[PDB]
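Chemist: Sharing a structure with you now.
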Amino acid sequence: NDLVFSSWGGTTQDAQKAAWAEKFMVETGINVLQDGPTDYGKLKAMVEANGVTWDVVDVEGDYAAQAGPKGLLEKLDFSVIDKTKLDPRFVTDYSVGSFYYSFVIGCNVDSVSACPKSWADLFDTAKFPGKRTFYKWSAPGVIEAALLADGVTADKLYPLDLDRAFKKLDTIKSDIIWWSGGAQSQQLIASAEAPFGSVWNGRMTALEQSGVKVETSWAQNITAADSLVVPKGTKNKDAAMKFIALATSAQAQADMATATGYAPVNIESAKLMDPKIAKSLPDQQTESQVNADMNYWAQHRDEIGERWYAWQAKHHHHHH
């Protein structure tokens, strides 16, 4: 029986196919088909119809934390998946981490007089003028960064004060250029169209290697993750657990991390990677690191999403 893996498409899904699906096929003889992009409405419809066509799905960590209590997912088999080697921040009864990352303050050095070093600096247009880039999509990261920039301590960050965050974002709104994907964030910084911004840490590495002089500040770097889940009612449960155990193994995680610039979710992976890459990982930057709360997002993602896109509009319009 063919196993179906659903992810986000593009280079991340390509890396997962090469590091995980191929290794799984070579190891077990079970063929893995690629599908997607990940669509929560489709996962919900499949499960409710008892017509599950996706066996392993790469989902956002806050969706995993919401979907599990809702009965949309299979409970994971922790006798097949060894959770002892996995980052416990991303493990639930229904999910394990797929990969993780930090949002960091990236900067094209030679295009500016000085680089912002903190979230407060990134929101300080008087001191650091010009366009700044942030993640377009409603998700953990930007709201937390706005609050921390406004003086909220990491220990008192949650529950998020939304009015305070949007008031802070409003102070710099006209100077925000949104990045919708990783390669666009790199183009924005490299071209100096938005010389600094809150970007995935890994994207700063290909900038450095391409010949663009860059700086990265890790002050209050914000972590979030994607997860692997199994939709409730999969016809390939045993193979789905084995696929997840392979995908989250030290070598498979080291391979996915090396290929994507994302950070591995297996605590033994860094030791297996190129030491030059291992040094650049978020685990070497835990000092002032802020871990985004997947449980808070699980409880508020649908309402934040609706408010977020209404707010993000370039111009004010009344919806009714």
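Starting from 1 in every chain, residues are counted up; chains themselves are A, B, ... following the order of the structure tokens, and ligands are numbered from 1 as listed.
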Any chance you could list, as number ranges by chain, the residues in range 218-319 of chain A that come up strand (DSSP E) when DSSP is run on the backbone?

Modeler: A: 218-229, 290-291

Chemist: Please provide as a PyMOL selection string all residues within 12 Å of residue 152 in chain A, with the sequence filter that same-chain residues fewer than 5 positions apart are discarded (counting only C-alpha atoms).

Modeler: chain A and resi 119-120+143-147+157-161+164-165+168+220+290

Chemist: Hey, could you make a per-residue contact list for range 246-311 of chain A against range 50-66 of chain A with 9 Å as the cut-off, showing the nearest pair of atoms and its distance in Å to one decimal, counting only C-alpha atoms, sorted by chain and number, as CSV?

Modeler:
residue,atom,partner,partner_atom,distance
A:293,CA,A:62,CA,8.1
A:294,CA,A:62,CA,4.6
A:295,CA,A:65,CA,6.1
A:296,CA,A:62,CA,8.2
A:297,CA,A:62,CA,5.4
A:298,CA,A:66,CA,4.4
A:299,CA,A:66,CA,6.8
A:301,CA,A:62,CA,7.6

Chemist: Record the distance separating CA of residue 13 in chain A and CA of residue 201 in chain A, expressed in Å with one decimal.

Modeler: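 That distance, rounded to one decimal, is 18.5 Å.
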
Chemist: Which one of A:33, A:206, A:228, A:4 sits closest to residue 92 in chain A if you count only C-alpha atoms?

Modeler: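 Closest residue, counting only C-alpha atoms: A:228.
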
Chemist: Using only C-alpha atoms, which of the listed residues (A:194, A:114, A:239, A:245) sits closest to residue 178 in chain A?

Modeler: A:194

Chemist: Can you pull out the residues contacting range 69-74 of chain A? Cut-off 7 Å, using only C-alpha atoms, and skip same-chain residues under 3 positions away; I want them as JSON, numbers by chain.

Modeler: {"A": [44, 47, 66, 94, 229, 230, 231, 232]}

Chemist: Write a file of the selected residues as a short mmCIF file (atom, residue, chain, number, x, y, z; two decimals), in the first residue's frame, keeping N, CA and C atoms.

Modeler:
data_model
loop_
_atom_site.label_atom_id
_atom_site.label_comp_id
_atom_site.auth_asym_id
_atom_site.auth_seq_id
_atom_site.Cartn_x
_atom_site.Cartn_y
_atom_site.Cartn_z
N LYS A 44 -9.59 18.22 7.49
CA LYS A 44 -10.87 18.11 8.21
C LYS A 44 -11.92 17.34 7.39
N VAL A 47 -11.12 13.41 7.07
CA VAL A 47 -11.34 12.77 8.37
C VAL A 47 -12.83 12.57 8.66
N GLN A 66 -3.99 22.54 18.15
CA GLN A 66 -5.43 22.75 18.14
C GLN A 66 -6.19 21.50 17.66
N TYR A 94 -0.55 13.75 19.82
CA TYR A 94 -0.93 13.65 18.41
C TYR A 94 0.11 14.22 17.44
N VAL A 229 1.83 15.00 11.77
CA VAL A 229 0.57 14.46 12.28
C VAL A 229 0.07 13.41 11.31
N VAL A 230 -0.84 12.56 11.81
CA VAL A 230 -1.47 11.48 11.07
C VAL A 230 -2.98 11.70 11.17
N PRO A 231 -3.68 12.04 10.06
CA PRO A 231 -5.14 12.27 10.14
C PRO A 231 -5.91 11.05 10.66
N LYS A 232 -6.89 11.29 11.57
CA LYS A 232 -7.68 10.21 12.16
C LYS A 232 -8.46 9.49 11.09
#

Chemist: Tell me which protein, DNA and RNA residues are within 10 Å of residue 142 in chain A, counting only C-alpha atoms, leaving out same-chain ones fewer than 6 positions away, and put them as an MDAnalysis selection string.

Modeler: chainID A and resid 103 119 134:136 148 165:166 169 198 222

Chemist: Selection from above, N, CA and C atoms, as a compact mmCIF listing (two decimals), in the first residue's frame, can you write it?

Modeler:
# COMPACT_ATOMS: atom_id res chain seq x y z
N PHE A 103 12.86 33.19 14.41
CA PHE A 103 12.77 34.46 13.68
C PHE A 103 13.87 35.30 14.29
N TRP A 119 14.29 43.71 18.82
CA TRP A 119 12.97 43.95 18.23
C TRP A 119 12.66 45.44 18.38
N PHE A 134 8.56 41.52 7.23
CA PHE A 134 8.01 40.57 8.20
C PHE A 134 7.17 39.54 7.44
N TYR A 135 6.98 38.39 8.08
CA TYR A 135 6.16 37.29 7.58
C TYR A 135 4.70 37.72 7.37
N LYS A 136 4.20 37.54 6.15
CA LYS A 136 2.84 37.93 5.75
C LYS A 136 1.72 37.21 6.52
N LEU A 148 7.37 42.47 22.36
CA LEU A 148 8.72 42.54 22.92
C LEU A 148 9.37 43.88 22.57
N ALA A 165 -0.17 45.08 20.62
CA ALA A 165 0.66 44.62 19.50
C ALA A 165 0.29 45.34 18.23
N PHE A 166 -1.02 45.45 17.92
CA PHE A 166 -1.43 46.12 16.69
C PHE A 166 -1.16 47.62 16.71
N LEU A 169 2.55 47.75 15.85
CA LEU A 169 2.70 47.49 14.41
C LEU A 169 2.23 48.72 13.60
N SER A 198 12.46 40.59 10.16
CA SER A 198 12.32 39.42 11.01
C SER A 198 12.17 38.24 10.04
N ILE A 222 12.80 34.39 18.25
CA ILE A 222 11.52 33.72 18.51
C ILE A 222 11.45 32.39 17.80

Chemist: Which residues in range 193-298 of chain A does DSSP call helix (DSSP H, G or I)? List them as a PyMOL selection string.

Modeler: chain A and resi 203-210+237-247+250-260+270-272+275-278+282-284+294-298

Chemist: Please dump the current selection as a CSV table (one decimal), in the first residue's frame; keep N, CA and C atoms.

Modeler:
chain,number,residue,atom,x,y,z
A,203,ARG,N,17.6,31.4,6.4
A,203,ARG,CA,17.7,32.2,5.2
A,203,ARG,C,18.8,33.2,5.1
A,204,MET,N,19.4,33.6,6.3
A,204,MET,CA,20.5,34.5,6.5
A,204,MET,C,21.8,33.8,6.0
A,205,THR,N,21.9,32.4,6.1
A,205,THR,CA,23.1,31.6,5.6
A,205,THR,C,23.3,31.6,4.1
A,206,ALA,N,22.2,31.4,3.3
A,206,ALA,CA,22.4,31.5,1.8
A,206,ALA,C,22.7,32.9,1.4
A,207,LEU,N,22.3,33.9,2.2
A,207,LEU,CA,22.6,35.3,1.9
A,207,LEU,C,24.1,35.5,2.1
A,208,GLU,N,24.7,35.0,3.2
A,208,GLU,CA,26.1,35.1,3.6
A,208,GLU,C,26.9,34.4,2.5
A,209,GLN,N,26.5,33.2,2.0
A,209,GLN,CA,27.2,32.3,1.0
A,209,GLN,C,27.1,32.9,-0.4
A,210,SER,N,26.0,33.7,-0.7
A,210,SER,CA,25.8,34.3,-2.0
A,210,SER,C,26.7,35.5,-2.3
A,237,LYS,N,-2.0,3.4,9.1
A,237,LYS,CA,-1.5,3.8,10.4
A,237,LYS,C,-0.1,3.3,10.8
A,238,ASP,N,0.1,2.0,10.7
A,238,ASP,CA,1.4,1.4,11.0
A,238,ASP,C,2.5,2.0,10.2
A,239,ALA,N,2.3,2.1,8.9
A,239,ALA,CA,3.3,2.7,8.0
A,239,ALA,C,3.6,4.2,8.3
A,240,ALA,N,2.5,4.9,8.7
A,240,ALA,CA,2.5,6.3,9.0
A,240,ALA,C,3.4,6.5,10.2
A,241,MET,N,3.2,5.7,11.3
A,241,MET,CA,4.1,5.8,12.5
A,241,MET,C,5.6,5.5,12.2
A,242,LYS,N,5.8,4.5,11.3
A,242,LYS,CA,7.2,4.1,10.9
A,242,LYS,C,7.8,5.3,10.1
A,243,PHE,N,7.0,5.9,9.2
A,243,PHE,CA,7.5,7.0,8.4
A,243,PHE,C,7.9,8.2,9.4
A,244,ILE,N,7.0,8.5,10.4
A,244,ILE,CA,7.3,9.5,11.3
A,244,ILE,C,8.6,9.2,12.1
A,245,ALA,N,8.7,7.9,12.6
A,245,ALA,CA,9.9,7.5,13.3
A,245,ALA,C,11.2,7.8,12.5
A,246,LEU,N,11.1,7.4,11.2
A,246,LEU,CA,12.3,7.7,10.3
A,246,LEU,C,12.6,9.2,10.1
A,247,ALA,N,11.5,9.9,9.8
A,247,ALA,CA,11.6,11.4,9.5
A,247,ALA,C,12.2,12.2,10.7
A,250,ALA,N,17.8,10.9,14.1
A,250,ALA,CA,18.9,11.8,14.1
A,250,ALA,C,19.5,12.1,12.7
A,251,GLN,N,19.7,11.1,11.8
A,251,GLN,CA,20.2,11.3,10.5
A,251,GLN,C,19.3,12.0,9.5
A,252,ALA,N,18.0,11.6,9.5
A,252,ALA,CA,16.9,12.1,8.7
A,252,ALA,C,16.7,13.6,9.0
A,253,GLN,N,16.8,14.0,10.3
A,253,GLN,CA,16.6,15.3,10.8
A,253,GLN,C,17.8,16.2,10.4
A,254,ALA,N,19.1,15.6,10.5
A,254,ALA,CA,20.3,16.2,10.1
A,254,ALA,C,20.3,16.5,8.6
A,255,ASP,N,19.8,15.6,7.8
A,255,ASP,CA,19.7,15.8,6.3
A,255,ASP,C,18.7,16.8,5.9
A,256,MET,N,17.5,16.8,6.5
A,256,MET,CA,16.5,17.8,6.2
A,256,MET,C,17.0,19.2,6.6
A,257,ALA,N,17.6,19.3,7.8
A,257,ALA,CA,18.2,20.6,8.3
A,257,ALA,C,19.2,21.2,7.4
A,258,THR,N,20.2,20.3,7.0
A,258,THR,CA,21.3,20.7,6.1
A,258,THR,C,20.7,21.2,4.8
A,259,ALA,N,19.7,20.5,4.2
A,259,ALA,CA,19.1,20.9,2.9
A,259,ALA,C,18.2,22.2,3.0
A,260,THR,N,17.5,22.4,4.1
A,260,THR,CA,16.6,23.5,4.2
A,260,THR,C,17.1,24.8,4.9
A,270,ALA,N,22.5,17.6,15.6
A,270,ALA,CA,23.5,18.6,15.4
A,270,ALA,C,24.9,18.0,15.4
A,271,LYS,N,25.2,16.9,16.2
A,271,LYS,CA,26.4,16.2,16.3
A,271,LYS,C,26.8,15.5,14.9
A,272,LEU,N,25.8,15.2,14.1
A,272,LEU,CA,26.0,14.5,12.8
A,272,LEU,C,26.2,15.5,11.6
A,275,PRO,N,30.0,20.8,11.3
A,275,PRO,CA,30.2,21.7,12.5
A,275,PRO,C,29.9,23.2,12.2
A,276,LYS,N,30.2,23.6,10.9
A,276,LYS,CA,30.0,25.0,10.5
A,276,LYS,C,28.5,25.3,10.5
A,277,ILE,N,27.6,24.3,10.2
A,277,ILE,CA,26.2,24.5,10.2
A,277,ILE,C,25.7,24.4,11.6
A,278,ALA,N,26.1,23.3,12.4
A,278,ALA,CA,25.8,23.1,13.8
A,278,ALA,C,26.0,24.4,14.6
A,282,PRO,N,19.7,27.4,16.2
A,282,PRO,CA,19.1,28.2,17.3
A,282,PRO,C,19.5,27.6,18.6
A,283,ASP,N,19.8,26.4,18.8
A,283,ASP,CA,20.2,25.8,20.1
A,283,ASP,C,21.5,26.3,20.7
A,284,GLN,N,22.3,27.0,19.8
A,284,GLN,CA,23.5,27.7,20.2
A,284,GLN,C,23.2,29.2,20.6
A,294,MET,N,2.6,27.5,21.5
A,294,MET,CA,1.7,26.8,20.5
A,294,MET,C,0.3,26.6,21.1
A,295,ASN,N,0.2,26.5,22.5
A,295,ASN,CA,-1.0,26.3,23.2
A,295,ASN,C,-1.9,27.5,23.2
A,296,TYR,N,-1.2,28.7,23.4
A,296,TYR,CA,-1.9,30.0,23.3
A,296,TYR,C,-2.4,30.1,21.8
A,297,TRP,N,-1.5,29.8,20.8
A,297,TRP,CA,-2.0,29.9,19.4
A,297,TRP,C,-3.0,28.9,19.0
A,298,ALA,N,-3.0,27.7,19.6
A,298,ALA,CA,-4.0,26.7,19.4
A,298,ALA,C,-5.4,27.2,19.8

Chemist: Find the residues around residue 200 in chain A up to 7 Å (only C-alpha atoms counted), leave out those fewer than 6 positions away in its own chain, and share them as an NGL selection string.

Modeler: :A and (101-104)

Chemist: Got time to write the residues from that selection, C-alpha atoms, as a compact mmCIF listing (two decimals), in the first residue's frame?

Modeler:
# COMPACT_ATOMS: atom_id res chain seq x y z
CA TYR A 101 13.34 27.72 13.27
CA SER A 102 13.95 31.07 14.91
CA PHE A 103 12.77 34.46 13.68
CA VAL A 104 15.90 36.63 13.87

Chemist: Restricting the calculation to only C-alpha atoms: of A:34, A:138, A:98, A:285, which residue gets closest to residue 216 in chain A?

Modeler: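 Among A:34, A:138, A:98, A:285, it is A:285 that comes nearest to residue 216 in chain A.
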
Chemist: For CA of residue 249 in chain A and CA of residue 235 in chain A, determine how far apart the two atoms are, in Å to one decimal place.

Modeler: 23.6 Å

Chemist: Find, counting only C-alpha atoms, the residue in A:225, A:273, A:149, A:21 that gets nearest to residue 167 in chain A.

Modeler: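 Among the listed residues, A:149 lies closest to residue 167 in chain A.
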
Chemist: Looking at only C-alpha atoms, which of A:191, A:7, A:288, A:180 is the one that sits closest to residue 227 in chain A?

Modeler: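 Distance minimum relative to residue 227 in chain A lands on A:7.
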